[PDB]
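Input: a single structure, listed below in structure tokens.
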Amino acid sequence: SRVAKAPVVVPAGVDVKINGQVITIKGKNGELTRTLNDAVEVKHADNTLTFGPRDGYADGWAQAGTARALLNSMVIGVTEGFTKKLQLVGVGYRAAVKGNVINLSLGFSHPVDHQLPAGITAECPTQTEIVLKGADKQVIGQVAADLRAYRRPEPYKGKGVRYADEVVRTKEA
Amino acid sequence: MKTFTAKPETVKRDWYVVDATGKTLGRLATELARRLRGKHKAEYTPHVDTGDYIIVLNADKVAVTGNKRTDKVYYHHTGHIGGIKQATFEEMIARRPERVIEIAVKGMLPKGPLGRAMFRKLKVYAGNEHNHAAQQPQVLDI
Amino acid sequence: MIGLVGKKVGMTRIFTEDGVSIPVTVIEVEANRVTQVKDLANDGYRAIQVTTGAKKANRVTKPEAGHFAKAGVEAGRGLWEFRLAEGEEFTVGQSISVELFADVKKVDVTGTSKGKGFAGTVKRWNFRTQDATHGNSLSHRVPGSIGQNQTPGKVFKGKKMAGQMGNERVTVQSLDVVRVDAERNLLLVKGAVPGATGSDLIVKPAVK
Amino acid sequence: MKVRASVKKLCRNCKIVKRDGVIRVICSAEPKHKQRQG
Amino acid sequence: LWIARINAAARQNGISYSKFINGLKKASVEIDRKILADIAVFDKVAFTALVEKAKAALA
RNA sequence: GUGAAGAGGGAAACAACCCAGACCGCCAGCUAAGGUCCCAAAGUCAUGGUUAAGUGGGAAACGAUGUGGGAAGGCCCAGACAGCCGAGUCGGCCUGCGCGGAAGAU
RNA sequence: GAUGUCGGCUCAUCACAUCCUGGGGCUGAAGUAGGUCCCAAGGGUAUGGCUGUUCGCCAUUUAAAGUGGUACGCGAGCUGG
RNA sequence: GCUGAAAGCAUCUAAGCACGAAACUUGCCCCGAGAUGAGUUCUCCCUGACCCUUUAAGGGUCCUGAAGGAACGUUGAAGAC
């Protein structure tokens with residue numbers, strides 16, 4: 001509603017194509033495609049995109065708001081991109097990168113190897129720090145969560161894999 | 001005079017073909033059962049079979065409403081103590097798509113020898129092809 | 001993979017230099033001859049059919065003779081079938097010998113077990129005997145109770161009772177291959193296998 | 001998790017949400033406040 | 001039995017049994033169900049004429 | 001009041017509940033209680049609303065931003081609510097239909 | 001004008017309000033070991049001394065020695081304390 | 001748990017996407033086309049004359065007797081028969 005009534009500006013250098021309910025956005029950082037719900041109409045005025053309901057559906061405004069948010073994110077991604085940062089805390093915990101595989105040592109009796117998906121890049125500016133880059137918000141979030149699940153922060157010392165800006169509470173015995 | 005009765009040795013039967021893509025299951029099954037029994041002909045006689053032959057195509061594309069595609073359950077028992085078994089609509093469509101329409105039609109027909117005989121005129125397929133071109137079926141729009 | 005058809009000869013032992021004794025079953029595996037190849041277009045699945053042995057001429061009927069003559073092979077004592085895996089090829093008239101097992105480590109063997117005829121519950125199902133004294137009345141090896149009262153009022157299906165025992169198809173899995181001798185057509189395996197001396201056996205590479 | 005028939009907010013950081021047909025209470029300050037109706 | 005046969009014959013001409021009976025009553029026809037079924041089976045032009053009569057009465 | 005000493009139609013089956021009192025025959029017609037998608041006789045009838053739980057087709061004290069209707073209040077273009085500027089937003093009351101509470105033996 | 005009633009032996013079959021093994025949330029959860037609630041019925045689940053005992057107490061084991069329905073399962077299958 | 005509005009924030013859910021157990025469906029072993037919906041593939045055998053009648057999936061005489069099967073005998077690490 002309030003979110004769906006704000007149009008999205010299409011900055012110079014990006015190509016937009018619409019066909020039925022399928023949308024493609026192309027830019028210097030790559031190409032993204034999506035298929036929208038049957039209760040949204042999207043229009044390409046001159047340099048802006050607008051979203052609105054279709055008559056006959058009872059949840060038009062909510063779906064329109066969701067579509068607006070998703071398209072905004074696509075446009076930002078094909079120009080700037082998204083990045084995430086992960087940190088390791090503990091004694092003997094380490095990480096490294098080779099090709100598109102991350103190697104983790106996290107206190108187990110066996111090593112951990114993670115295979116990155118298509119379109120995501122990784123870097124290690126230190127043995128205790130990981131930086132991920134890409135153009136898809138959902139995929140970058142999922143990859144960060146998958147990496148964090150190998151060893152979650154624990155409440156007595158804070159050891160494990162955490163996000164850079166994450167507040168970890170502690171307590172005493 | 002006496003009321004008219006139909007004779008099994010001189011009845012006339014015809015061949016039809018139907019497409020099941022996107023149709024609601026029970027509202028198709030009622031029509032199929034009506035025409036297999038023969039309630040659409042003015043010669044209907046309860047103890048004689050006076051129905052037609054029907055081919056059904058595209059049985060894996062039949063539709064249901066609500067949450068039935070994951071919440072309708074088919075049950076049966078094997079005869080051994082403890083042998084009660086079940087499946088869902090999705091699973092049935094995945095392994096034996098024809099049984100879905102066959103079971104529904106069989107439940108709507110008379111129980112007995114004559115109903116078992118009426119069932120034999122139904123031919124159900126899963127794709128878009130059949131091998132009964134020598135019988136020359138005509139298209140039926142339900 | 002495919003397997004072979006052989007015959008049970010007997011049992012013996014092998015002595016090792018370290019002082020161990022290994023009990024072995026001896027299996028004679030002659031050459032298997034291919035009689036038919038089945039493909040997807042004509043039959044709907046992929047398999048081969050084989051024969052082995054020899055048979056006397058005046059005991060072969062005309063249908064069987066024609067079947068063997070189409071292939072161009074001598075008559076044998078039976079026909080058997082094996083399913084093919086992706087990337088396996090054979091031709092009609094080919095021979096297969098025991099060198100197929102030169103590098104296999106474990107096998108499965110199938111045969112027909114010995115016959116005991118009509119048997120009781122003590123021998124057939126490991127039921128316990130009742131007392132031999134203390135006033136027992138004609139009920140020493142009898143089965144006992146076979147149900148409940150008015151609910152349910154019948155006997156369930158699958159109940160354990162007396163009947164025929166033995167003389168059926170059995171498989172024993174994961175047996176070591178002790179030796180392959182190609183000049184005498186012998187395969188030596190470790191342990192016991194189903195059947196009696198002189199019966200037919202089917203040998204395949206192990207599935208587990 | 002507390003499973004019970006009466007579920008309610010116990011402090012100012014508690015929230016009420018409905019997930020897949022179930023009424024739940026989730027809190028950002030206290031893990032002891034996590035509740036499920038059933 | 002007579003009623004079932006009449007329903008089958010009328011739906012072939014484009015009307016239901018209940019409407020057909022109402023139309024005959026409003027047109028003042030007094031033929032009974034035995035004779036109606038007989039005509040349905042043995043003479044179809046006459047049955048079509050009767051249906052037209054009932055439709056005109058209802059119109 | 002009915003069964004006993006009473007048949008016929010309905011309530012799946014079901015003396016005592018609902019409709020209704022069988023002198024005999026007919027391959028005529030109208031209705032009662034109850035019904036009209038198929039088993040199985042007759043509207044896949046017409047017009048305006050509510051439900052998304054297969055509720056309809058088993059059950060309470062109590063709990064909850066499910067959602068339809070009605071009558072009043074407080075703040076707001078002299079800038080309100082939320083977050084970090086530009087149109088609405090807060091909390092009670094009366095009422096319709098749904099959701100959790102809800103574990104058993106072939 | 002008859003449906004043989006306690007306990008033992010032999011042979012079982014179902015529920016789930018779960019005794020062991022499997023998966024989880026909270027802890028007044030440092031680790032080892034525990035408390036409480038949710039999901040889960042595939043398989044498994046003692047031998048002796050005393051007494052007619054079912055129970056119960058005691059001795060020594062086990063990952064564990066579950067609770068109930070089936071004419072308080074089962075005498076045209078056995079016993080007869 | 002990820003992304004995300006209705007509700008300018010927040011939210012695992014309403015639209016979309018990802019994990020998750022000896023329970024479920026398969027994978028292992030045995031029976032199985034009386035599966036009357038009675039299935040598929042390979043091979044083998046039979047190539048003469050007449051009559052009548054109510055004229056049809058009709059009855060009869062002569063010549064011919066295949067592929068194979070059963071019966072009998074000597075029997076089995078197969079068996080109540």
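We name chains A, B, ... by the order of the sequence lines, and we start the count at 1 in each one.
When the P atom is compared between F/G29 and F/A42, the two are found 15 Å apart, to the nearest whole Å. Between F/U44 and F/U36, the distance separating the two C1' atoms is 11 Å to the nearest Å. Look at the P atom in both F/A15 and F/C23: the space between them is 24 Å, to the nearest Å. Between F/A46 and F/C27, the two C1' atoms lie 37 Å apart (nearest whole Å). Distance noted for atom P between F/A41 and F/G10: 15 Å (whole Å). The gap from the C1' atom of G/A40 to that of G/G66 amounts to 16 Å, rounded to the nearest Å. Comparing H/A56 with F/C37, their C1' atoms are spaced 50 Å from each other, to the whole Å. The separation of G/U47 from G/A65, taken at their P atoms, amounts to 14 Å, rounded to a whole angstrom.
If you check every strand for non-hydrogen atoms under 4.0 Å, C/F118 touches sugar and phosphate atoms only. When heavy atoms are screened at a 4.0 angstrom cut-off, D/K2 is found touching no nucleic acid atom at all. Residue E/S16 is classed as a sugar-phosphate contact, given heavy-atom separations below 4.0 Å to backbone atoms only. Contacts of D/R19 with the nucleic acid, taken as non-hydrogen atoms under 4.0 Å apart, include base atoms.
In G/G8 the base sits anti relative to the sugar, since the glycosidic angle is further than 90° from 0. Against the 90° criterion about 0, the sugar-base torsion of F/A78 places it in the syn range. Its glycosidic angle being more than 90° from 0, H/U3 falls on the anti side. In this structure, G/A64 is classed as anti because its glycosidic torsion departs from zero by more than 90°. A syn base is found at G/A17: its glycosidic angle is within 90° of 0.
With the cut-off at 3.5 Å for both distances, F/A40 forms no Watson-Crick or G-U wobble pair with F/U55. A Watson-Crick or G-U wobble pair links F/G66 with F/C97, each of its two atom distances being under 3.5 Å. With both hydrogen-bonding distances under 3.5 Å, G/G42 and G/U21 qualify as a Watson-Crick or G-U wobble pair. With both hydrogen-bonding distances under 3.5 Å, G/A15 and G/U67 qualify as a Watson-Crick or G-U wobble pair. Nucleotides H/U25 and H/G34 fail the base-pair criterion, which asks for a Watson-Crick or G-U wobble arrangement whose two donor-acceptor distances both fall under 3.5 Å. A Watson-Crick or G-U wobble pair does not link G/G4 to G/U70 when both relevant atom distances must lie under 3.5 Å. Taken together, H/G76 and H/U43 do not qualify as a Watson-Crick or G-U wobble pair under the 3.5 Å criterion applied to both distances.
The distance from atom CG of C/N167 to atom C1' of H/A77 is 11 Å, rounded to the nearest whole Å. Rounded to an integer number of Å, the gap from D/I23 CD1 to F/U65 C1' is 10 Å. As rounded to whole Å, 13 Å separates atom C1' of G/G75 from atom CG of C/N136. Rounded to whole Å, the distance from NZ on C/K160 to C1' on G/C11 is 11 Å. Atom P of nucleotide F/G29 and atom CD1 of E/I3 are separated by 8 Å, given to the nearest angstrom.
In B/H77, the NE2 atom is crowded: over 12 heavy atoms of neighbouring residues, nucleotides or ligands sit closer than 6.0 Å. Applying the 6.0 Å contact sphere to CD of A/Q115 captures more than 12 heavy atoms from other residues, nucleotides or ligands.
If you check the side chains of B/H132 and B/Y53, you find no donor sitting under 3.5 Å from an acceptor. Using modelled atom types, one finds no donor on one side chain facing an acceptor on the other under 3.5 Å when comparing C/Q130 with C/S139. Under the 3.5 Å distance criterion, with hydrogens and angles disregarded, no donor-acceptor pair is assigned to the side chains of C/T51 and C/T35.
Because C1'-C2'-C3'-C4' is positive for G/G44, its sugar is assigned to the north class. North is the pucker assigned to the sugar of H/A70, its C1'-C2'-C3'-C4' torsion being positive. Nucleotide F/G100 carries a north-puckered sugar, as indicated by a positive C1'-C2'-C3'-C4' torsion.
Side-chain atoms of A/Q21 come within 3.5 Å of backbone atoms of A/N37 as a donor-acceptor pair (strictly under, hydrogens ignored). Counting only distance, with no hydrogens or angles, the side chain of C/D39 and the backbone of C/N42 share a donor-acceptor pair below 3.5 Å. Put simply, the side chain of B/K111 gets close to the backbone of B/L109: a donor and an acceptor are under 3.5 Å apart. Here the side chain of B/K23 pairs a donor or acceptor atom with the backbone of B/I142 at under 3.5 angstrom.
Stacking of B/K72 on the aromatic ring of B/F89 is not recorded, the 6.0 Å distance cut-off and the 45° axial limit not both being met. At least one test fails for E/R11 against the ring of E/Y17: distance under 6.0 Å to the centre or angle within 45° of the axis.
The six-membered rings of F/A42 and F/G43 are unstacked by the 5.5 Å centre and 30° plane criterion. The six-membered rings of H/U54 and its strand neighbour H/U55 do not satisfy centres under 5.5 Å apart together with planes under 30°, so the two bases count as unstacked. For the strand neighbours G/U13 and G/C14, base stacking is present under the 5.5 Å centre-distance and 30-degree plane-angle rule. Judged by ring centres closer than 5.5 Å and planes tilted by less than 30°, the bases of F/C26 and F/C27 are not stacked on each other. Annotated as stacked: the bases of F/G10 and F/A11, by the 5.5 Å centre and 30° plane rule.
Put simply, D/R4 has no side-chain N or O that comes within less than 4.0 Å of OP1 or OP2 on G/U36. Between A/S1 and H/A6 there is a side-chain N or O to OP1 or OP2 distance below 4.0 Å.
Contact record, E/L1 with B/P46: CD1-CD, 3.8 Å, taken as the closest heavy-atom pair. Across all their heavy atoms, C/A196 and C/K8 have their closest contact at O-CD, 3.7 Å.
Nearest-nucleotide positions on RNA chain G place C/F156 closer to the 5' end than the other of D/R36 and C/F156. Along RNA chain G, the nucleotide nearest C/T129 and the nucleotide nearest C/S139 are compared for position; the residue whose nucleotide lies closer to the 5' end is C/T129.
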Any N/O pairs under 3.5 Å between the protein and nucleotides 46-56 of chain F? List them or say none.
{"from": "F/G54", "atom 1": "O6", "to": "B/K68", "atom 2": "NZ", "distance (Å)": "3.1"}

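Using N1 to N3 plus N6-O4 or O6-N4 for Watson-Crick, or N1-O2 and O6-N3 for G-U wobble, each under 3.5 Å, F/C85 pairs with nothing. In this structure, H/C46 forms no base pair with any nucleotide, since neither Watson-Crick nor G-U wobble geometry is met with both distances under 3.5 Å.
If you check residues 59-66 of chain C against RNA chain G, you find no residue with a heavy atom closer than 4.0 Å.
Among H/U11, G/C74, G/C78, the nucleotide with an atom closest to any side-chain atom of D/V17 is H/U11.
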Show every donor-acceptor pair shorter than 3.5 Å between a side-chain atom in residues 156-164 of chain C and any protein atom, with sequence neighbours excluded, or say none if there are none.
{"from": "C/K157", "atom 1": "NZ", "to": "B/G79", "atom 2": "O", "distance (Å)": "3.3"}

